[PDB]
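Line by line, the protein sequences give chains W and D.
Residue numbers in the first sequence follow the working numbering, run continuously in steps of one, and reach 16 at the last position.
Residue numbers in the second sequence follow the working numbering, run continuously in steps of one, and reach 142 at the last position.
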Amino acid sequence: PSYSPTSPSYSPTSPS
Amino acid sequence: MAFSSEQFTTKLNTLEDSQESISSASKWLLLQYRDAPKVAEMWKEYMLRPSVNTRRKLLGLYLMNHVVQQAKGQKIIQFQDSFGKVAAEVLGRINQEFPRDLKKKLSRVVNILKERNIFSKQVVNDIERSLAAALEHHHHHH
Numbered sequence: 001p002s003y004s005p006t007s008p009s010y011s012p013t014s015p016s
Numbered sequence: 001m002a003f004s005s006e007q008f009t010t011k012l013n014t015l016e017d018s019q020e021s022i023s024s025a026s027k028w029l030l031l032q033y034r035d036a037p038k039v040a041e042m043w044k045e046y047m048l049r050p051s052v053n054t055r056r057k058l059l060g061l062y063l064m065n066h067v068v069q070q071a072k073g074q075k076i077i078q079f080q081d082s083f084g085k086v087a088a089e090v091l092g093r094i095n096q097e098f099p100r101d102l103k104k105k106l107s108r109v110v111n112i113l114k115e116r117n118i119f120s121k122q123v124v125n126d127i128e129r130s131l132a133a134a135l136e137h138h139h140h141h142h
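The following block contains the structure:
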């Protein structure tokens, strides 16, 4: 095991 | 089998709590976003089943967490839309079974989730309500 419940992956919110 | 009510399910039975095991399972599941609503349902039912253990639930939590997170990353709302609703159940029911330590890992998942708003605030609240109902305690903000 080694997974992060956080992760560096994310992106701004957008309606499209 | 392909797109069966079992492909994603067999994945759950072969996950590992590590970055790449989850990443390989995530990137694949991400390729079949068509199955997003179905997999969200099968995912919850698999976690809510009495025949699953805390580790398999932790694995499922990590898989869906990467899936919904990476989904928002490329704006694949089908995942975060479907998974979000069933999340409140799973995360909130496994919260009643996870020992303090796995529950801490989930607590971060619920945190980063609403911090980044991977789901809708209603879904965020429903997850919080589910965790809350496990010990009947609440907070003045959501």
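Cβ coordinates follow ideal geometry from the N, Cα and C atoms, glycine included.
Whole-Å CB distance - residue i paired with residue j, under 8 Å assumed
i                : j                : result
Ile94 (chain D)  : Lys38 (chain D)  : Actually they are not in contact, since the Cβ atoms of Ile94 (chain D) and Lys38 (chain D) sit about 21 Å apart, beyond 8 Å.
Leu131 (chain D) : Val110 (chain D) : 7 Å
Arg100 (chain D) : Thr6 (chain W)   : Not quite, the Cβ-Cβ distance comes to about 19 Å (not below 8 Å), so this is no contact.
Beta-carbon proximity of residue i to residue j, cut-off 8 Å
i                     : j                : result
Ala25 (chain D)       : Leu63 (chain D)  : yes
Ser120 (chain D)      : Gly84 (chain D)  : yes
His66 (chain D)       : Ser5 (chain D)   : no
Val68 (chain D)       : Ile118 (chain D) : yes
residue 149 (chain D) : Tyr33 (chain D)  : Lying outside 1 to 142, the shown extent of chain D, residue 149 (chain D) is not represented and no answer is given.
Minimum Cβ-Cβ distance from residue i to chain W less than 8 Å
i                : result
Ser18 (chain D)  : yes
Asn125 (chain D) : no
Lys27 (chain D)  : no
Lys75 (chain D)  : yes
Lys57 (chain D)  : no
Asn117 (chain D) : yes
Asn53 (chain D)  : no
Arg100 (chain D) : no
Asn65 (chain D)  : yes
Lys103 (chain D) : no
Any non-hydrogen atom of the ligand GTP closer than 7 Å to residue i Cβ
i                : result
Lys105 (chain D) : Summarising the ligand content, the structure contains no ligands, and the ligand GTP is consequently not present.
Element boundaries [alpha helix (DSSP H), containing residue i]
i                : result
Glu115 (chain D) : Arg100 to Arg116
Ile94 (chain D)  : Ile77 to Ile94
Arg56 (chain D)  : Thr54 to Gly73
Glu41 (chain D)  : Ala36 to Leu48
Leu31 (chain D)  : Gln19 to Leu31
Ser11 (chain W)  : Unbroken run through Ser11 (chain W): none, as it is neither H nor E.
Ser130 (chain D) : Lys121 to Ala133
Contact list for residue i against chain C, beta-carbon separation under 7 Å
i               : result
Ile94 (chain D) : Considering every chain present, this structure includes no chain C. Its protein chains are W and D.
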